[PDB]
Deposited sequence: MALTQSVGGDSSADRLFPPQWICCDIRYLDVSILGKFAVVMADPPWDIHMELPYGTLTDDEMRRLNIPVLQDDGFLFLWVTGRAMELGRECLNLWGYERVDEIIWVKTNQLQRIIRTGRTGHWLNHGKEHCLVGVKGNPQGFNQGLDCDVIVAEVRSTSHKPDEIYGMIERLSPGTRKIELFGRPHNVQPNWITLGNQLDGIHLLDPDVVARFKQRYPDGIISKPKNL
């Protein structure tokens, strides 16, 4: 069911097996980098224990990383059964196309992992650099969804740790700052009602 769908939940406890299989997985996880943090974070073990492996048979993972999560993200990516085959760089500009410990950071990284053998994807249409303006804090650019749609048009996709602005057609967004549960795909709706007759994750 093409229109946006989402599930407010704690992704640690949600039984993601009810959601089926996706051509693309994207995540912008709340990595525990050594800081106070304006939001809540996931420990390295919770990140490792996420049940990503059930979400795909053949397809691509997009995984935002920063700081020491450039290494931890690679660990998670490999533990979950993916091979890192590409790495997208978003160059952060202002409205005038100028770029915003040892060096100042003009960019954020997005690891691209493959699992299985995806077939019928349009590999090579886009290039691995995004130039796009910063929006709110920890707000990734919209251009990633068009890149992902040209790569795998019309397939089901799932985003983890998304926020309300992340909800898109063809995507199921999970996150704990979404508003409630909006589900339209009848297969998903059925399995959700079965797993959660009273509509609560614990």
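message: I have the full deposited sequence and the modelled structure. Can you tell me which residue ranges, counted from 1, have no C-alpha coordinates?
response: Residues lacking C-alpha coordinates: 1 to 15, 116 to 121, 224 to 228.
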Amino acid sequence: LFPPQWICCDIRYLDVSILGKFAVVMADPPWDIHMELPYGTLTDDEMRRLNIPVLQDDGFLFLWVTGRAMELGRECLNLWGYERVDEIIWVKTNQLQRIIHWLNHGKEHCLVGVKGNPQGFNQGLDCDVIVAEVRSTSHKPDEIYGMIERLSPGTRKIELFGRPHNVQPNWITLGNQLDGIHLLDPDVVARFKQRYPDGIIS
From here on, numbers count along this sequence of modelled residues.
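Each form is matched to the other, and the largest set of C-alpha atoms that superpose within 1.5 Å is called the rigid core.
- request: Quick one: core-superposed, which stretch strays further from the shown model in 4 other deposited structures of this protein, 132 to 140 or 47 to 55? Go by RMS C-alpha distance.
  value: So, of the two stretches, the farther one in 4 other deposited structures of this protein is 132 to 140.
- request: Indicate yes or no: is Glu36 absent from the model in at least a third of the other PDB entries of this protein that were compared?
  value: Residue status for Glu36: gap in at least one third of the other entries.
message: Going by the mean C-alpha B-factor recorded in the entry, which is higher: 133 to 141 or 23 to 31?
response: In the deposited entry, the stretch with the higher C-alpha B-factor mean is 133 to 141.
message: Quick check: 152 to 160 versus 39 to 47, which has the larger average CA B-factor in the record?
response: Higher mean C-alpha B-factor in the PDB entry: 39 to 47.
query: From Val85, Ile100, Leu79, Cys127, pick the one with the largest CA B-factor in the entry?
result: Across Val85, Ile100, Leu79, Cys127, the entry lists the biggest C-alpha B-factor for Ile100.
message: Splitting the chain's C-alpha B-factors into thirds, which one does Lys92 fall into?
response: Highest third.
- prompt: Lowest, middle or highest third of the chain for the C-alpha temperature factor of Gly113?
  reply: Answer is lowest: the recorded C-alpha B-factor places it there.
- request: Tell me, lowest, middle or highest third: where does the Cα B factor of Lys107 rank within its chain?
  value: Its C-alpha B-factor belongs to the middle third of this chain's values.
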